[PDB]
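Working notes, structure below.
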DNA sequence: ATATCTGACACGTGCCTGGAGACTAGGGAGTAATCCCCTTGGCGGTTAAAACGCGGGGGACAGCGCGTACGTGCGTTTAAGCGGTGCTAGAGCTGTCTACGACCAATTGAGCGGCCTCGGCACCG
DNA sequence: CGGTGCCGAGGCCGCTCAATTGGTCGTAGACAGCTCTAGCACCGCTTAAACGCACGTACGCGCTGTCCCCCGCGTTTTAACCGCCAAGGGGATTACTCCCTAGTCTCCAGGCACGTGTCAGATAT
């Protein structure tokens, strides 16, 4: 139920502002939703594979970090 | 002596034509030279490191292929 | 006494695979034979699909031989196959 | 009887490094002790430079503590350091 | 002796395309590619085993790795084929 | 016991910045980064040893690897420091 | 701090995991880090988008810009 | 076949290796494959350049296009 | 202006297990020797590609003309971080035992190396 | 007006060292079985932040149109390629010491997980 709708317009506005661009027209909140959906799809598929491979049933941070390392977008602080 | 000049204008023209674009203005033969120079710099530094590490003094194909694998631009046919 | 690959009725040589994996154990890797089986079948199936696509590009090209441009346009046709091969193709 | 790192007068613990490398030998890796030395000194020097840059970003920020944004703008200042860290920074 | 799979490629191709020939350079490129993906699988499964703080490799983990490297429908059918082959091995002579 | 280098970071920082403090989270991030680059070095040198069809690792090869991963001036000074340390080890007590 | 309200993100993350396996749970810190990472990724995407738009001599953004960007990087989605 | 005259490429490859170590030699087949690969790489770069230019609603190419492209992929050189 | 206030940061201290040699010790690897294959020098044709000039001509390329798609700005919900509360169930941990990989024989045969005739294009003759 | 032979194919055979077990044998992990603390519900709630409406406005599309910057095309011209030729020197490869990891043990001492005063953000008089 309107799950992807959760991404607010002002959220993306404040984002783009923190993102360096100032005049965000209008016809992208949908498009942002789409791209974020795809990216999340990929990362979360990888994360859930990592998880269940451990024969477990919850997701841990190490899982997501592994995932991001797989996509070549590694992040720091937790397990390397 | 005019070494980088070796890249002919018609060479790049026939390239861009094989490359899918048809109207190549003029002010890029220089720029193509520059970018190709940089790319070659990187790959060839990696290749020569690989080589001399083998205590050798000539470059082999396996060396360049290793190099391209390092940049994430692996090519096929020779050693994988 | 049956060859394990012949036993399970699979075409890739499971022993050679087992060896190649033994080349990268990190001093403690023990090769679950069934892991070799799984890997062999995986390679077999995925390559069957690759060859199916390339052979269609050859039959629609009316050629009984295989070319680099065949597989070129082949992977240039399918999304997943393009994904799997991040590499640049020779020719 | 001197600690090898203490012997060569280097600060990173050469034995621990030797071990961590022993964790990835591929069943036959023998650790040339001098290789451990080389690695330790490499880490030491490069991290000295990283910390120098971060500490300048803190002193020019008039703060005696270290922050993620410090090193953020630090690597955002130098080219090579940005190259070495292809990763996305936390914060 | 420097191993190749050309022969097995030939055999499976006969199993699917019994009537098709293949140039040698193409077969060599196929062999190089398959070796590449193979070592990818291998290194990834090794990473996995390490990542559960374990030491030993089992079909479950090759499964994990291939699921990781393969998209969607291909991933599903690949997992299916692998499990079916594992069964036809184990629960058999 | 899950190892860290925080202490050695502290010591070398004192060797260069004797008067500077460092937050804990920053030190942990430094430790994570250094572990990352360390394992990069390790895996790369392993690749190298394999790539000369050999089995054993030696300082020459760590040298190769770091040269590979490091640009220009940094690469030069790093090679210099490594060789100097190798000497100050070997041709010494 | 971060720019997305957490609970909407939780709803979305649960839905997306849902289509893969029911009743799965999540280390809260893990969804925190995930939000952080994806937000940063979208930030980078916007940055390159703005680059391209400036190249287009126009200062507003249009989905053509996003499409071109994601075609250039290579995500081809 | 390939599109660059070989001997110019040899001259250039030797110069570029030269600044790294003198009197080094090269498997001729290796420089062949290198030429092949770099030519293909530049082809790909031109392809993405043309994509972006079309996005710029202009059909000719200008170094702004190259700069933008190499900024987007990530080579940042 | 500054004490302060709190956490949170550098010192101080028992209590480990990971490092420092000894020497085997066995072996990967330096090292000497060959040898011969590929990579430079190097010389002229050459012709086929590359400047050069020269029309020419077209697309771009910022100059105008132009209002409704996109920041403010209240104005109005309203859902969401808070605040517990539970809570339990999955995730941490540990005996154990048991199925599962290393080993050398046999061995062999399926898998490397010749060769071969089958066939294809293809004009040159 | 021509039908045809180097080059890769699939048998096809000759040589030969990676499967194939068999227990052994030792052991990594299932796996049973604990004893816990973080993800869900499970509620209402202040506020900030999300629509929403309205305002209110300007920028991405026309036009300006042209002209010189780029494309086709002869026109030299000149260097890439061939072709050869050599040669030699450096991979490559091989057989021979030997030093140089590592194993175990000692053994102990610096790290580790405590505590602990002290003062940098942070607040108001």
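Which residue pairs have Cβ atoms under 6 Å apart, sit 6 or more places apart or on different chains, and have a first residue in the stretch E:1-13 that is more than 15 Å from residue C:16 (Cα to Cα) and a second that is more than 8 Å from DNA strand I (Cβ to nearest atom) and assigned to a loop (DSSP other than H, G, I, E, B)?
Pairs that qualify, where the first residue is more than 15 Å from residue C:16 (Cα to Cα) and the partner is more than 8 Å from DNA strand I (Cβ to nearest atom) and assigned to a loop (DSSP other than H, G, I, E, B), are E:11/C:11; E:12/C:11.
Take residue B:22 and tell me if it is more than 7 Å from chain H (Cβ to nearest Cβ), over 16 Å from the mean Cα position of the chain (by Cα) and closer than 22 Å to residue H:67 by Cβ. First the steps, then the outcome.
Working: more than 7 Å from chain H (Cβ to nearest Cβ): yes; over 16 Å from the mean Cα position of the chain (by Cα): yes; closer than 22 Å to residue H:67 by Cβ: yes.
Judged against the criteria, residue B:22 is a match.
Looking only at the stretch H:33-49, count every residue that is facing chain B (nearest Cβ under 7 Å) and over 21 Å from residue B:69 (Cβ atoms) and tell me the total.
Final tally of qualifying residues: 3.
Just the residues that are within 18 Å of residue B:61 (Cα to Cα) and touching a strand residue (DSSP E or B) at 6+ places or on another chain (Cβ under 9 Å), please, taken from the stretch H:32-49.
Of the residues in the stretch H:32-49, the ones within 18 Å of residue B:61 (Cα to Cα) are H:32-41.
Once the filter is applied, which keeps residues that are within 18 Å of residue B:61 (Cα to Cα) and touching a strand residue (DSSP E or B) at 6+ places or on another chain (Cβ under 9 Å), the stretch H:32-49 yields H:33, H:34, H:36, H:37, H:40, H:41.
Take the stretch D:1-32 and flag every residue that is in a helix (DSSP H, G or I), more than 13 Å from residue F:41 (Cβ to Cβ), at the interface with chain F (Cβ under 8 Å from one of its Cβ atoms) and touching a residue at least 12 places away in the same chain (Cβ under 8 Å). Spell out the reasoning first.
Of the stretch D:1-32, the ones in a helix (DSSP H, G or I) are D:4-7, D:14-22.
Next, from what is left, pick out any that are more than 13 Å from residue F:41 (Cβ to Cβ): D:4-7, D:14-16, D:18-19, D:22.
Then drop every residue that is not at the interface with chain F (Cβ under 8 Å from one of its Cβ atoms), which leaves D:4, D:7, D:16.
The one that is in a helix (DSSP H, G or I), more than 13 Å from residue F:41 (Cβ to Cβ), at the interface with chain F (Cβ under 8 Å from one of its Cβ atoms) and touching a residue at least 12 places away in the same chain (Cβ under 8 Å): D:4.
Take the stretch H:14-32 and flag every residue that is near DNA strand I (Cβ under 10 Å from one of its atoms) and at the interface with another protein chain (Cβ under 7 Å from one of its Cβ atoms). So that I can check it myself, show each step before the final result.
In the first step, residues of the stretch H:14-32 are kept if they are near DNA strand I (Cβ under 10 Å from one of its atoms); the result is H:14, H:17, H:23-32.
Hits for the stretch H:14-32 are H:17, H:24, H:25, H:26, H:27, H:29, H:30.
Please go through the stretch H:17-35 and pick out each residue that is buried (at least 18 other Cβ atoms within 10 Å of the Cβ) and assigned to a helix (DSSP H, G or I).
Keep residues of the stretch H:17-35 that are buried (at least 18 other Cβ atoms within 10 Å of the Cβ), which gives H:17, H:26, H:30-31, H:33-35.
If the condition is that a residue be buried (at least 18 other Cβ atoms within 10 Å of the Cβ) and assigned to a helix (DSSP H, G or I), then H:17, H:30, H:31, H:33, H:34, H:35 are the ones that fit.
Could we say that residue D:48 is more than 7 Å from every other protein chain (Cβ to nearest Cβ) and in a helix (DSSP H, G or I) here? Can you show your working first?
Numbers: more than 7 Å from every other protein chain (Cβ to nearest Cβ): no; in a helix (DSSP H, G or I): yes.
The answer is no for residue D:48.
I'd like the residue in the stretch B:48-77 that is under 17 Å from residue F:67 (Cβ atoms) and in contact with a strand residue (DSSP E or B) (Cβ under 6 Å, 6 or more places away or on another chain) and, out of all such residues, is nearest to DNA strand I (Cβ to nearest atom).
The qualifying residue nearest to DNA strand I (Cβ to nearest atom) is B:59.
Any chance the stretch D:72-85 includes a residue that's surrounded by fewer than 14 Cβ atoms within 10 Å (Cβ to Cβ), farther than 22 Å from residue A:78 by Cα and either within 15 Å of DNA strand I (Cβ to nearest atom) or within 7 Å of chain F (Cβ to nearest Cβ) (or both)?
No.
State whether the residues of the stretch F:67-90 include one that is near DNA strand I (Cβ under 10 Å from one of its atoms), within 9 Å of chain D (Cβ to nearest Cβ) and closer than 18 Å to residue D:13 by Cβ. Steps first, answer last, please.
Going residue by residue through the stretch F:67-90, those that are near DNA strand I (Cβ under 10 Å from one of its atoms) are none.
No.
Residue by residue through the stretch H:9-31, note down the ones that are within 10 Å of DNA strand J (Cβ to nearest atom) and out of contact with any strand residue (DSSP E or B) (no Cβ under 9 Å at 6 or more places or on another chain). Lay out the reasoning, then the answer.
First pass over the stretch H:9-31, keeping only residues within 10 Å of DNA strand J (Cβ to nearest atom): H:9-11, H:23-27.
Listed by number, the residues that qualify are H:9, H:11, H:23.
Of the numbered conditions (1) at the interface with chain F (Cβ under 8 Å from one of its Cβ atoms); (2) crowded, with 16+ Cβ neighbours inside 10 Å; (3) farther than 30 Å from residue C:24 by Cα, residue D:35 fails exactly one; give the number of that condition.
Evaluating residue D:35 over (1) at the interface with chain F (Cβ under 8 Å from one of its Cβ atoms); (2) crowded, with 16+ Cβ neighbours inside 10 Å; (3) farther than 30 Å from residue C:24 by Cα leaves (3) as the failure.
Considering each of H:11, H:71, H:76 in turn, give the residue that is outside any helix (DSSP H, G or I), more than 9 Å from DNA strand I (Cβ to nearest atom) and touching a helix residue (DSSP H, G or I) at 6+ places or on another chain (Cβ under 9 Å).
Details: H:11 fails: outside any helix (DSSP H, G or I); H:71 fails: outside any helix (DSSP H, G or I).
None of the others qualify; the one that does is H:76.
Consider residue D:64 against the criteria (1) at the interface with chain F (Cβ under 8 Å from one of its Cβ atoms); (2) more than 9 Å from DNA strand J (Cβ to nearest atom); (3) not in a helix (DSSP H, G or I): it satisfies all of them except one. Which criterion is unmet?
Going through (1) at the interface with chain F (Cβ under 8 Å from one of its Cβ atoms); (2) more than 9 Å from DNA strand J (Cβ to nearest atom); (3) not in a helix (DSSP H, G or I) one by one, residue D:64 breaks only (2).
Looking at the stretch F:4-52 only, could you name the residues that are more than 8 Å from DNA strand I (Cβ to nearest atom), assigned to a loop (DSSP other than H, G, I, E, B) and within 29 Å of residue C:27 (Cβ to Cβ)?
Within the stretch F:4-52, F:4, F:5 meet the criteria.
Would you pick out the residues in the stretch E:53-68 that are in a helix (DSSP H, G or I) and buried (at least 20 other Cβ atoms within 10 Å of the Cβ)?
Residues of the stretch E:53-68 in a helix (DSSP H, G or I): E:59-68.
Scanning the stretch E:53-68 gives E:59, E:61, E:62, E:63, E:64, E:65, E:66, E:67, E:68.
Restricting attention to the stretch B:25-47, and to residues there that are at the interface with chain H (Cβ under 7 Å from one of its Cβ atoms) and touching a strand residue (DSSP E or B) at 6+ places or on another chain (Cβ under 7 Å), which single residue is nearest to DNA strand I (Cβ to nearest atom)?
Selected residue: B:25.
For the stretch G:50-77, which residues satisfy the criterion of being more than 10 Å from chain A (Cβ to nearest Cβ) and within 26 Å of residue B:72 (Cα to Cα)?
G:52, G:68, G:71, G:72, G:73, G:74, G:76
How many residues does the stretch A:5-24 hold that are surrounded by 16 or more Cβ atoms within 10 Å (Cβ to Cβ) and either within 22 Å of residue G:26 (Cα to Cα) or away from DNA strand I (no atom under 13 Å from the Cβ) (or both)?
Of all residues in the stretch A:5-24, those surrounded by 16 or more Cβ atoms within 10 Å (Cβ to Cβ) come to A:6-7, A:11-12, A:15-16, A:19, A:21, A:24.
Then drop every residue that is not either within 22 Å of residue G:26 (Cα to Cα) or away from DNA strand I (no atom under 13 Å from the Cβ) (or both), which leaves A:6-7.
Selection size over the stretch A:5-24: 2.
No value in this document is a laboratory result; all are computed from the given coordinates. Ideal geometry is used to build each Cβ from the backbone, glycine not excepted, and the neighbour counts take in all protein chains shown.
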